[PDB]
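Novice:
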Amino acid sequence: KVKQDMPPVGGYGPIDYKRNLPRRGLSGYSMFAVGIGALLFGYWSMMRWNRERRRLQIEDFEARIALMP
Amino acid sequence: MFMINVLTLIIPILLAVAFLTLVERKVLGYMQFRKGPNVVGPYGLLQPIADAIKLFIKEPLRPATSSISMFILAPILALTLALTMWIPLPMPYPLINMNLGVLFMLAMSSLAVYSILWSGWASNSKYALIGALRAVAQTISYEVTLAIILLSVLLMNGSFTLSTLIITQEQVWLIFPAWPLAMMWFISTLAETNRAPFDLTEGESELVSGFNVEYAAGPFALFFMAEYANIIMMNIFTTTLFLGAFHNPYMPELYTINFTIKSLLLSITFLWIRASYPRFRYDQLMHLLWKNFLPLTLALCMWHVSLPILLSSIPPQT
Ligand SMILES: CCCCCCCCCCCCCCCCCC(=O)OC[C@H](COP(=O)(O)OCCN)OC(=O)CCCCCCCCCCCCCCCCC
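Chains q and H supply the protein sequences, listed in that same order.
Be aware that the first sequence starts at 4, since it is given in the deposited numbering, and climbs by one per residue.
Be aware that the second sequence starts at 1, since it is given in the deposited numbering, and climbs by one per residue.
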């Protein structure tokens, strides 16, 4: 008969050993640019809302002071 | 009626601790690419009751304490603090509405370390002493920093009420006006609990939790309790402080839902961080805090003392 030992048609195809750890492109300083940007949004909006809340504050004190007598 | 309120507050935080430990074991399980407990009950919902009544029933086990006072003091203190911390947390409504508030939580959180001094003190084992002193050191050093953060991020509220916080959050989450200080305060919340990276450990190490986690059996189910419950807290107090939902009155359970979801997810992130990273060595930790956090906190703070007066929006104390 023939022999049943293993090796097949040669090569088993290619195999990739070498190291790969790629792909993060979002990082220049521009990460700072987007974060600091987010701050620049927060202070804008929050500024507005605190102004509004002061307006309400004066209005409430007006309620009280009109009550006082 | 009022004791009904108390019970409805404190019983569900205990059940929350048990089923929390469940979710911990599972999330770490799959995060580790392996199923968590399935074989206690269906899907793992009977696992806490196992841990509970067993871990209660294993016998007291050692040693002569040398102080009968402290040994039965420290657990009572650790719990009592961990339970009363939950009082002011806003919810739709606080269950005690305090004018000061958040600095009351800060204060009791500062008291929480006597359980470590005394707990580690009554061991009579001179090694567990040293370990305890050190854990007190790191907890205390991060009681420095955190306080300054609250004293900053609050300065956009204008008052301590802890209710008006939900009023500031209406337009924009407080994470946007300061993200970085919120980042530092998240890691600060990792500090006291000593979740990884900040945990101490078994094998070879200072082994503070060696005798601390070993000793006192059932009362270790207590220190266990106050530690996890305290975790759920700091997650919730994060969810309230640095973000939040819109409160629609006439239907508070809406805000309660959204609040709950974000808080739970946050705690999930604790348990999976603990999975994720190694531990710092001790000194590199302590003077990692002293090196970098505290200076930048000072900078951001003074920048939040000077900022609101710049833009002319300074918050409306009621
Ligand atoms: C051998 C040891 C034996 C003892 C063991 C004790 C174990 C537990 C220890 C930790 C617990 C400490 C609890 C401290 C509670 C402090 C409460 C507080 O400061 O509340 C602030 C709040 C302010 O109210 P405000 O919002 O301004 O106004 C309401 C509307 N006008 O205030 C109020 O609303 C007014 C509340 C006044 C009520 C009386 C307070 C008495 C406190 C007694 C403390 C006794 C224990 C001392 C701590 C021991 C620590 C080891």
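Each residue gets a CB set at the ideal place from its N, CA and C atoms; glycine is no exception.
1) Since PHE160 (chain H) and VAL208 (chain H) are thought to touch, with beta carbons under 8 Å apart, how far apart are those beta carbons, to the nearest angstrom?
2) Kindly say whether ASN53 (chain q), judged by its beta-carbon, lies nearer than 8 Å to any beta-carbon of chain H.
3) Looking at ligand 1, does it come within less than 7 Å of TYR114 (chain H), judged from the CB to the closest heavy atom?
4) For ligand 1, I want to know if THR80 (chain H) counts as a neighbour, meaning its beta carbon is within less than 7 Å of at least one of the ligand's heavy atoms.
5) Quick one: grab the DSSP three-state call for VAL12 (chain q).
6) Is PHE211 (chain H) near ligand 1, judged by its Cβ being under 7 Å from some heavy atom?
7) Find out if the Cβ-Cβ distance for the pair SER119 (chain H), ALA74 (chain H) is shorter than 8 Å.
8) Would you mind working out which of q:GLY38, q:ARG51 and q:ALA66 sits nearest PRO315 (chain H), comparing C-alpha positions?
9) Taking C-beta pairs closer than 8 Å, name the residues in chain q that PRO316 (chain H) reaches, listed in chain order.
10) To the nearest angstrom, report how far apart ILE232 (chain H) and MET108 (chain H) are at their CA atoms.
11) Below 8 Å, how does it come out for the segment 148-159 of chain H and the segment 121-137 of chain H: are there three or more Cβ pairs, yes or no?
12) Where does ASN157 (chain H) land, buried or exposed, given buried means 16+ other C-beta within 10 angstroms?
13) CB-CB under 6 Å to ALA226 (chain H), same chain, minus the five flanking residues each way: which ones, in chain order?
14) Quick one, which of H:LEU89, H:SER123 and H:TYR142 has its alpha-carbon nearest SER110 (chain H)'s?
15) Measuring only the C-alpha atoms, how far is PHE224 (chain H) from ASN5 (chain H)?
16) Is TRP290 (chain H) helix, strand or coil by DSSP?
17) Residue 121 (chain q) touches chain H at which residues, Cβ-Cβ below 7 Å?
18) Using a C-beta to C-beta distance shorter than 9 Å, which residues of chain q count as neighbours of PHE186 (chain H)?
Specialist: Once the coordinates are examined:
1) About 34 Å; that fails the 8 Å criterion.
2) yes
3) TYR114 (chain H) has its Cβ nearer than 7 Å to a heavy atom of ligand 1.
4) yes
5) coil
6) no
7) yes
8) q:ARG51
9) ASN53, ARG56, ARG57, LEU59 and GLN60
10) 16 Å
11) Because the criterion of three Cβ pairs below 8 Å is not met, the segment 148-159 of chain H and the segment 121-137 of chain H do not touch.
12) buried
13) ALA78, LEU79 and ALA82
14) H:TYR142
15) CA-to-CA, the gap between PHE224 (chain H) and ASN5 (chain H) works out to about 25 Å.
16) helix
17) Shown here, chain q extends from 4 to 72; a query on residue 121 (chain q) therefore has no answer.
18) Per Cβ cutoff of 9 Å: no residues; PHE186 (chain H) is ~15 Å from chain q at best.
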